[PDB]
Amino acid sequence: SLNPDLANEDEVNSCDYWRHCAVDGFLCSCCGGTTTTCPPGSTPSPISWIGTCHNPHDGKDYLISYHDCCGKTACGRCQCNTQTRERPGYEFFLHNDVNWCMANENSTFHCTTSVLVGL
């Protein structure tokens, strides 16, 4: 449950996968990358929105960092718009209606993901 690369591809590519609970964008795992790797030729955002998601498999709660991959045009696949614990822009780093590629060398948004930070 903590290691998407060992899981069923169709499970991790679903908007319902437990760690994707505040994703707004295209899942990088459907775009030629994986949960934790940008597709070839796209660049990780150094900043992100964050939050926690509940892992129903082990019953624990985890800190998730939602980095975008940047510098290629929209992937277009596996669009998600989940909003658990998401807050407006006056809680900026909890907010997912902004482009987290905004400070990259090229801000064009390609795909997003959910990086597991810790418990």
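Take the two forms, superpose them, and find the largest set of C-alpha atoms that agree within 1.5 Å; that set is the rigid core. When you see a residue number, it is the position in the sequence shown, counting from 1.
Of 51-59 and 87-95, the stretch whose C-alpha atoms sit farther from the shown form in 4 other deposited structures of this protein, after fitting on the rigid core, is 51-59.
Stretches compared: 1-9, 108-116. Higher mean C-alpha B-factor in the entry: 1-9. The deposited model assigns a higher average Cα B-factor to 15-23 than to the other stretch when 94-102 and 15-23 are compared. Across the residues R77, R87, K72, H54, the deposited record lists the maximum Cα B factor for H54.
The residue among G32, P44, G41, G59 whose C-alpha atom has the highest B-factor in the PDB entry is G59.
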